[PDB]
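Commentary on secondary and tertiary structure
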Amino acid sequence: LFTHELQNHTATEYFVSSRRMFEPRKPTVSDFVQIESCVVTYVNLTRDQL
Amino acid sequence: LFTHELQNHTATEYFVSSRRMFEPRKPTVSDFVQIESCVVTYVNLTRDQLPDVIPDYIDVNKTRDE
Ligand SMILES: *[C@@H]1O[C@H](CO)[C@@H](O[C@@H]2O[C@H](CO)[C@@H](O[C@@H]3O[C@H](CO[C@H]4O[C@H](CO)[C@@H](O)[C@H](O)[C@@H]4O)[C@@H](O)[C@H](O)[C@@H]3O)[C@H](O)[C@H]2NC(C)=O)[C@H](O)[C@H]1NC(C)=O
Ligand SMILES: *[C@@H]1O[C@H](CO)[C@@H](O[C@@H]2O[C@H](CO)[C@@H](O[C@@H]3O[C@H](CO)[C@@H](O)[C@H](O)[C@@H]3O)[C@H](O)[C@H]2NC(C)=O)[C@H](O)[C@H]1NC(C)=O
Ligand SMILES: *[C@@H]1O[C@H](CO)[C@@H](O)[C@H](O)[C@H]1NC(C)=O
């Protein structure tokens, strides 16, 4: 998952592509993993924007 | 994915398995992804038959309004 473009224009496009081949596309929910442990490296947000 | 039988009697049984082996099973929503582009090879269909072809599919929109 990468953020193409920047927050300079209030549009952060979250797309997932193969590390071997740039193929941008919006990820599917079934394909993530849920975690109980959080570290500073994770992006903070509330449930509203999920 | 493959189509057991043909539309000769309007029964195209849609199943999925391994490419090597024969492990028939109805395709599931978790098996696939969505794209915004279409071609002729893609079989074209309406929304109401999605549960018909994919019982694993659940249309929350059309069930809540009921
Ligand atoms: C559901 O989606 C399918 C896509 O997965 C559809 O397949 C598309 O079907 C349409 C028509 O149904 C095709 O568009 C037609 O293309 C012909 C080609 O014209 C050329 O050939 C004629 C005759 O030789 C010639 O006179 C012309 O000058 C051209 O050289 C057009 O003539 C038609 O007007 C029409 O535009 C698509 O090409 C086809 N998809 C692809 C990728 O080719 C399917 O049709 C959809 N379901 C239904 C019921 O239509
Ligand atoms: C996501 O949220 C976490 C927690 O809200 C953010 O990390 C937190 O950042 C604050 C601000 O620096 C840390 O508090 C500070 O801790 C240091 C000691 O490390 C102390 O010197 C300061 O006085 C202050 O107390 C907090 O410890 C830290 N906690 C964690 C778990 O990271 C994080 O930056 C946020 N990141 C994003 C992308 O939103
Ligand atoms: C789902 O979409 C239908 C129309 O297709 C609409 O009537 C209904 O209110 C929608 N429900 C939700 C929860 O989006």
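Residues numbered from 1 in each chain as written, not as in the entry; some residues may be left out. Chains lettered and ligands numbered in written order. Part of a larger assembly, values for the part shown. Heavy atoms only, no water.

In the PDB header, cryo-EM is given as the technique by which the entry was determined, and 6.4 Å as its resolution.

1. Some thoughts on the packing of aromatic side chains
All names here are of chain A. Note the following rule: Each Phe, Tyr or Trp ring, with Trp reduced to its six-membered ring, pairs with another whose centre is within 6.5 Å; inter-plane angles below 30 degrees give stacked pairs, above 60 give edge-to-face pairs, and intermediate values give tilted ones. Elements are defined by DSSP. Helices are runs of H or I of four residues or more, strands are runs of E of two residues or more, and each kind is numbered from the N terminus.
Within this structure, the stated rule accounts for 1 aromatic pair over all chains. With 5.3 Å between their ring centres and 40° between their planes, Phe2 and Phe22 make a pair best called tilted. Of this pair, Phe2 sits in strand 1 (residues 2-4) while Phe22 sits in the segment after strand 2 (13-15), placing them 20 residues apart in sequence.

2. So, the pattern of salt bridges
Quick reminder of the rule: Definition used for salt bridges: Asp or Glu carboxyl oxygen within 4 Å of a side-chain nitrogen of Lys or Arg. A 1.4 Å probe rolled over the protein chains alone gives each residue an accessible area, and that area as a share of the maximum for its type sets the label: buried under 20%, exposed over 50%, partly exposed in between.
Applying the stated criterion across every chain yields a total of 4 salt bridges over all chains. The salt bridge involving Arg25(A) is made with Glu36(B); its shortest N-O contact spans 2.3 Å. With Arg25(A) in the segment after strand 2 and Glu36(B) in the loop between strand 2 (13-15) and helix 1 (49-53), the pair connects residues from two separate chains. Residue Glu36(B) is classed as exposed on the basis of its relative accessible area, which comes to 59%. With a shortest N-O distance of 2.5 Å, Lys26(B) and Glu13(B) are connected by a salt bridge. Separated by 13 residues along the polypeptide, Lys26(B) in the loop between strand 2 and helix 1 and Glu13(B) in strand 2 bring together distant segments of the chain.

3. What to know about the layout of surface pockets
The condition is simple: The method works on a 1 Å grid over the protein atoms by themselves. A cavity is a set of points holding a 1.4 Å probe that cannot get out, a pocket is an open set with protein on both sides within 12 Å along at least five of seven lines, and residues with an atom within 4 Å of a point line them. Grid points are joined across faces, edges and corners, and a volume is the space filled by probe spheres set on the points. All amino acids are sorted into three groups, where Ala, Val, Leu, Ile, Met, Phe, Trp, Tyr, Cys and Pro are nonpolar, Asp, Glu, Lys and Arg are charged, and the leftover types, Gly among them, are polar.
When its volume is computed, the largest pocket comes out at roughly 1400 Å³. For the lining of the largest pocket, the secondary-structure elements that each account for two or more residues are strand 1 (2-4), strand 2 and helix 1 of chain B. The class makeup of the residues in the lining of the largest pocket is 21 nonpolar, 11 polar and 1 charged. As a volume, the second largest pocket reaches approximately 1100 Å³. Lining the second largest pocket are 22 residues; nearest its centre among them are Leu1(A), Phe32(A), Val43(A), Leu45(A) and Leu50(A). Within the lining of the second largest pocket, the residues separate by chemical class into 13 nonpolar, 7 polar and 2 charged.

4. Structural notes on the site of ligand 1
Residues and elements named next belong to chain B. Applicable threshold: A single heavy atom is enough: if one lies within 4 Å of a molecule or strand, its residue is considered near that molecule or strand. The term polar contact refers here to a pair of N or O atoms within 3.5 Å; inside protein, the definition further demands a hydrogen-donor-capable atom paired with an acceptor-capable atom, and it admits residues adjacent in sequence only when both atoms are side-chain atoms. In these tables, accessible area is a Shrake-Rupley quantity obtained with a 1.4 Å probe, and a residue counts as shielded only by the protein chains included in the view.
The local shell around ligand 1 consists of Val39, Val40, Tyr42 and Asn44. Take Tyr42: an N or O atom from its main chain is 2.9 Å from an oxygen atom of ligand 1. The protein chains hide 19% of the 910 Å² of surface that ligand 1 would expose on its own. Each residue belonging to the shell around ligand 1 can be placed in one class, and the counts come to 3 nonpolar, 1 polar and no charged.

5. Side note on unusual backbone geometry
Residue and element names in this part refer to chain B. Notably, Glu5 is not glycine yet its phi reads approximately 60°, a positive angle. Here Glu5 lies in the loop between strand 1 and strand 2. Taking relative accessible area as the criterion, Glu5 reaches 40% and is therefore assigned partly exposed. Here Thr10, not a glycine, exhibits a phi torsion of approximately 55°, which is positive. Structurally, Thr10 can be placed in the loop between strand 1 and strand 2. By relative accessible area, which is 72% here, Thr10 ends up exposed.

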